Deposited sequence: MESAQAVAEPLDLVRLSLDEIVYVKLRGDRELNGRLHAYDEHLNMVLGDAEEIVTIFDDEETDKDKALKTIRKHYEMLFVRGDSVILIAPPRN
């Protein structure tokens, strides 16, 4: 049930809050049971210093929040 939110966000642009002052935005291309994700066209925001990635692998362990697009 709770993971349904991540699953319905496949190919949508998600917001991800990681542990310790880091955030991401990107298109969810893939995820797994551990909450590992691959984000496409991703922006990383340390707070502000930004960084952009064509493809980004995010380690599940460090994910705190995931929000789908308003849509």
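Unmodelled regions (deposited sequence positions with no C-alpha coordinates, counted from 1) are 1-8, 56-69.
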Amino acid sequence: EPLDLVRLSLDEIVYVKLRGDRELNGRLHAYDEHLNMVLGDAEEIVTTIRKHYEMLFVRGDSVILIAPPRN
From here on, numbers count along this sequence of modelled residues.
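Comparing the deposited coordinates for 18-26 and 59-67, the stretch with the larger average C-alpha B-factor is 18-26. When all modelled residues of the chain are sorted by CA temperature factor, residue 46 is found within the highest third.
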